[PDB]
Amino acid sequence: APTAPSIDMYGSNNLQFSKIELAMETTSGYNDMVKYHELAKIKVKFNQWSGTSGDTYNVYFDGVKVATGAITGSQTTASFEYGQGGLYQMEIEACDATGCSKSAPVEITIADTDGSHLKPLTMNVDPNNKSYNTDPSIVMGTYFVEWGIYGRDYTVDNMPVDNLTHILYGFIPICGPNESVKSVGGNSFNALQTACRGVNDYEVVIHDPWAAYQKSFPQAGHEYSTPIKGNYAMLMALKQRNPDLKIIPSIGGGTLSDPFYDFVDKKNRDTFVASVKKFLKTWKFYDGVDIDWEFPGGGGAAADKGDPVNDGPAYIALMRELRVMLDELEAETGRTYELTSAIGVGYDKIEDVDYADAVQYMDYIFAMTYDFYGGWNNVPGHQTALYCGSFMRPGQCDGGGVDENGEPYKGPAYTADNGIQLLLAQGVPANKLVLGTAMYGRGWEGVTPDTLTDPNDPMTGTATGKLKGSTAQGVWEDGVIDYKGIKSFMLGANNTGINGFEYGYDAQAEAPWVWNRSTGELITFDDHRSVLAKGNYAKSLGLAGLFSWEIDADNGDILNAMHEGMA
Ligand SMILES: S=C=Nc1ccc2oc(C3=NCCN3)cc2c1
Ligand SMILES: S=C=Nc1ccc2oc(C3=NCCN3)cc2c1
């Protein structure tokens, strides 16, 4: 006999509710912006405009009763709490002593960060990415960078997810000392200062909440009331489409590694470890953690930092304490959590960590088998070669000899193979090692013929400085160029060379280059041929697979070649 309630859809936040509460119109400290709740707070306004209102209401989701309260007027606000994310058919019933009247059913959304309230993501992948039937046991990883969504214009739905087992999401910073972030310029340190207000030193934070959970993406169907937007909501819809895809946050990275050096203090580690646990409880679509400490012992962005006695033991203690915390998350949730880590592979980086000790705690080690040479100095080299190139001096490859002063080589030359070998010799199992491919080149200006010691090898010349170019040609910073930029603007469709560039390949190193004799522009990179050699090298040794850095810079060719070389 009471009038059936009508739901005030707009008075009820359009029936979009959430276990996670996120600031949408603000940029502030992480703890101010992100609050995870065990139970979602649901607030539903309903009206009874004509007839009698009755005295009590009940709320049903999919026929189960989940709340009751008093009706006292022609307008009621039902507030209550609910613990499971998902879409539900909601009915509200108004009751009196003579009977009850149900509202017609209406869909209520309760978001959770596993994406249970979302449809599978809709893909928009360059069709230049082919299909493969690569053994599901082989690792095919890549990094997807948070800021890729700006100028580079590359979003989660552009990733060829069917050709990937692991997405590493770069990068999650740590609060605390971060001078190295400052040195980068832009808003980057400022944004980190903001994110860290009200947050303890050594805890993880989201760097760019706009890219991560605020930015509305039409292709994902985000609209004003959607409680989770940005890269994270798309990666949640992505997990719905490909539930076996591992998505892993990458913590640290080149410029974000300054706080790792205070991990020689166990309090700092405990703080960090506990913030990582909270982070994974907050963002349930993530499947583990990746530590990119560049680098234990030093030799990274922070010139004033690095302890070669203590950093290694701290790294190993860190991996153990992470795996302990991850064991508890597996306990509480029933899921498998992965612990991985990207590492430098120069002899001088390797010798500072007992990796055989650390790896027992870990699922994989992403060997950063790139950046061997680059625009930081005027010495050309293959940045991502497998083997020693022709340009190397006698005894340089193994570090047995002397340079042009007659100064002794301190250790084996920087090559992929030399790195993998050093890790195998320490006792790291082959099947935990993932070998890295570059989706970009590094480059130089001013390596003209008059500089060569061998007239057919520009790797024997001398540079004037870093390669300069525009973002239109894929140069996002000095000395670095996207692979798709090399292909469009230097190689051309036939891989023969265009705009003054020639294509060369060092068969001994397994490394391509492009060279413009007159500007002396020289770019070292990975192409189809050398990725095939890497896949072959990986098969040969029983390596876990391949990964790449970074996915937005590929046109399809590098990832394709990754799958082909593993076949
Ligand atoms: S991303 C960034 N990565 C960087 C940025 C600057 C850097 O400087 C060194 C260095 N090597 C010897 C003394 N200092 C490494 C290094 C890595
Ligand atoms: S992006 C870029 N990343 C890198 C990666 C490795 C690097 O090494 C140096 C260096 N500086 C003096 C001797 N070596 C700079 C540098 C920048």
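Indexing begins at 1, ligand by ligand and atom by atom, following the structure's order. Quick note: numbers below take in every heavy atom, side chains included, and nothing from hydrogens, waters or symmetry partners. If you read the sequence from its start, that first residue is 1, and numbering goes on from there.
The distance between the ring centers of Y440 and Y483 does not fall below 6.0 angstrom. Remark: aromatic rings of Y315 and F263 are distant, center separation not under 6.0 Å. Within the 6.0 Å centre-distance limit, the rings of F391 and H382 are counted as a close aromatic pair.
Proximity of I365 to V434: side-chain heavy atoms (C-beta onward) are nowhere separated by under 4.5 Å.
By the definition of a contact as any protein heavy atom under 4.0 Å away, atom 13 (C) of ligand 1 is not in contact.
Nearest protein heavy-atom contact of atom 9 (C) of ligand 1 is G300 O, 3.2 Å. Among all protein heavy atoms, the one lying closest to atom 2 (C) of ligand 2 is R442 NH2, 3.2 Å. The nearest protein atom to atom 17 (C) of ligand 1, hydrogens excluded, is given as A301 N, 3.7 Å; this is a heavy-atom distance. Scanning the protein heavy atoms around atom 5 (C) of ligand 2, the nearest turns out to be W376 CZ3, 3.6 Å. Nearest protein neighbour of atom 11 (N) of ligand 1, counting heavy atoms only, is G299 O, 4.0 Å.
For the 3.5 Å distance criterion, the side chains of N231 and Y169 qualify, holding a donor opposite an acceptor. Side chains of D287 and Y337: no donor on one and acceptor on the other come within 3.5 Å.
When each atom of ligand 1 is checked for a heavy atom of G254 under 4.0 Å away, the hits are 1 (S). Close approach of ligand 2 to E477 (heavy-atom distance below 4.0 Å) involves ligand atoms 1 (S).
Between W283 and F279, the ring-plane angle classifies as tilted under the 30° and 60° cut-offs.
The shortest separation from a heavy atom of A303 to ligand 1 is not under 4.0 Å, leaving the residue out of contact.
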